[PDB]
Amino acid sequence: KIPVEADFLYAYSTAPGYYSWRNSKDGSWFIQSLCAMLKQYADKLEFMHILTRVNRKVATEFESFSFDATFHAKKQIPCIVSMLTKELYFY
């Protein structure tokens, strides 16, 4: 017998209340930088450990550019919510 709302893992593209960014030629920052990590560590790391490097590769190497005063020079930081009651290792 376990908690129903358990084992659920949600990886939001940004921090609550904030906007999520997107490139018109590569697409999302969050999605490209995510797949790219599962590209390297899909069998090396756990998953939170992946999702965390994904957090850095999006908080560190991504910065908006725009001719708009408001929509320019803006950052983004993902959100890793986890209820999982165990580790995960795709393999």
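Residues carry their position along the shown sequence, with the first being 1.
*Asks:* Per the record, averaged over C-alpha atoms, which has the higher B-factor: 35-43 or 62-70?
*Replies:* Result of the comparison: 62-70.
*Asks:* Quick one: higher average CA temperature factor, 51-59 or 22-30?
*Replies:* In the deposited entry, the stretch with the higher C-alpha B-factor mean is 22-30.
*Asks:* Divide the modelled residues of the chain into thirds by Cα B-factor and specify which third, lowest, middle or highest, holds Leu84.
*Replies:* According to the entry, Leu84 has a C-alpha B-factor in the chain's middle third.
*Asks:* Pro16: which third of its chain by C-alpha temperature factor?
*Replies:* It falls in the middle third of the chain.
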